[PDB]
Every structure is written in structure tokens, then in C-alpha cells.
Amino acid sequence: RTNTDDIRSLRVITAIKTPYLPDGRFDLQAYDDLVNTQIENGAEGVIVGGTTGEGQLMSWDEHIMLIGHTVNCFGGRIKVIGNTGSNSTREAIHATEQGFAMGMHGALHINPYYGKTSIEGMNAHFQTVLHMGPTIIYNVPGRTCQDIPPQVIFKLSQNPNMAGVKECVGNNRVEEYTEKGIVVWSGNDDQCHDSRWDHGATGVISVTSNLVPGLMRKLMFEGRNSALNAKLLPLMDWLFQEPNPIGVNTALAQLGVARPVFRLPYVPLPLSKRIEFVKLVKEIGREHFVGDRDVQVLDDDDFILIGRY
């Protein structure tokens, strides 16, 4: 009850990057340093194994290990929300119940993608997991190729476990929910400022907070600041020029907080974009980005692409 309201009050949730060692196994030391940096800079929640976290590339044993690890090490200092959704109701059920048993505070649930279903199918799917604990519903039609229509959100909102919506359709859809008292986090970093201050969004579930968490906290807490929004836009444009998480993986390797190791099918942004990133870090100021090391361009041969992880 207050578990769900504890999620509803979060303004800055980081969709945290999963860092890798050279053979593609998780780098738990790098991961811990990233989550600590997020806490120190006023991140209030983490999504573990979301799209930015490459949950789709995880075996389920890695994923529950990472949720349990994150609860064990950080559960007292940050809200841990497992991405335990799936296009398979069986996996969503299994993952969500194992997630809560290891003490995660919440679950992020997308509608079934690729294997898309009917409105009745979609409701049936969400009813199997909504009862298990506090739940953020994830609408990202650019990835799923299926819009969760307002009628479905309204019906799901009748359950008190439905904490709110991670919305990516845009600020009109955000406002359609917030004006009826439904909590919304923007999923679009380049819209979250206008979403928070003009459209009643509680805050952001952010990719950009992986690089500049202090600046993203400032954006959601310290009142409208279109000057700061405009200073971040070039970084946000760079981050989303290829599909997330290609930008943030490339960037965190340039900042030296993650090794230059990619699980396929992701590959780094090319040299031309890594040179652009150095200029963006200098223009914003290195002190605002995670890590202490000097940003590097890196050579192509620094990047390790792994298929057998």
C-alpha cells in the first residue's frame, strides 16, 4: 500500500546500464560503482535489466542474480524495480514472482512485443502479474509496435498495485493520464523537462541519468529551467542517434566507468561519433559526467563484440 506510494513519489529513476568483463559475463564491480554514483547524485530508483540494461540479452539466472544482488547491496539506499516483463505470460509470471521473493520494491511490465495480442489478450497478460506487487506499466510503441490504449491503462488503474505508467507516446498522452490522477514518468529524456513542468509527470525513467545524474536530478526537482534543458539536448540527440543502449554503452566506455565490451547484437558508435562525444563532454563540463578518468575517443580495436556470452 505504502510500498506502491513509495514508488509513486520517485522523480528520478535510472534505467541502469549492465557493464561486462571481456568474455561478456557481468562486471559486478563496475555495476556497483555505477549504482553508488547514481545514489550519491540523487537517483531515487533503478530499473535492473530494462532495455538500457540489456535485459533481453540476459539468461534468467543472470537477471534474478542481478536483482537480488542490487536489493542485497543497495535496497536500503535506492528503490530497486526489476524489469520482469516479457512477451510470454509464463516468463512474466515466473520472473515477477522470483523478483518479489528476492525483495525488489517494484516491477516494470511492457505489453507483449513481436508476438503482439488482442486488447483482451493484453488485459489477461497484465492481470497475471499486477496482483504480485507494485507495478509500472511500460508503453513504448516504437519498440513493441503496439500502443497500450488509454482504455487498458484506465482498467489497470482500478488495481491499487498499478503504481503508474512509463509513457513514451509523448506529452499529450502523458497529460491524458496525469489530469485523471494517474502517475506518469516520461520515458523520453528529450521530453521529460516539458513533461514534468507543463504536463503533470512525476518525473523520468531516464537513460541520460547514466551519464549526468546530478543534472537530471536538477531538471526534475529545482523548477522549470529551459536553459539547462537546452544544454542537455545535444547529449540526448547523440545518445539516441542509434537505438538505445548503443549510445550509453559507447559513452560509459569513453568515460572509463564500463569496459568497451558489447553483447551482440549491439555494436559501438563509430570513431566520428566518439570524437563528437569528447566535444559534448567538454562543452557541458567533465565534472558533471560519472567517473574521474579523462574521457577517451578509444580505438575501434578497444571494443569487444561477444556473441557467445
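So that there is no doubt, residue numbering starts at 1 and follows the sequence shown.
Looking at mean Cα B-factors across 201 to 209 and 171 to 179, the upper value is held by 171 to 179. Mean CA temperature factor is higher for 278 to 286 when stretches 278 to 286 and 240 to 248 are set side by side in the entry. Per the PDB record, residue ranking by Cα B-factor puts residue 76 in the highest third of the chain.
Residue-level temperature factors show residue 272 in the middle third of its chain, judged at the C-alpha atom.
Ranked by C-alpha B-factor against the other modelled residues of its chain, residue 41 falls in the highest third. The entry lists a Cα temperature factor for residue 221 that places it in the highest third of the chain's modelled residues. In this PDB entry, residue 94 carries a Cα temperature factor that places it within the lowest third of its chain's modelled residues.
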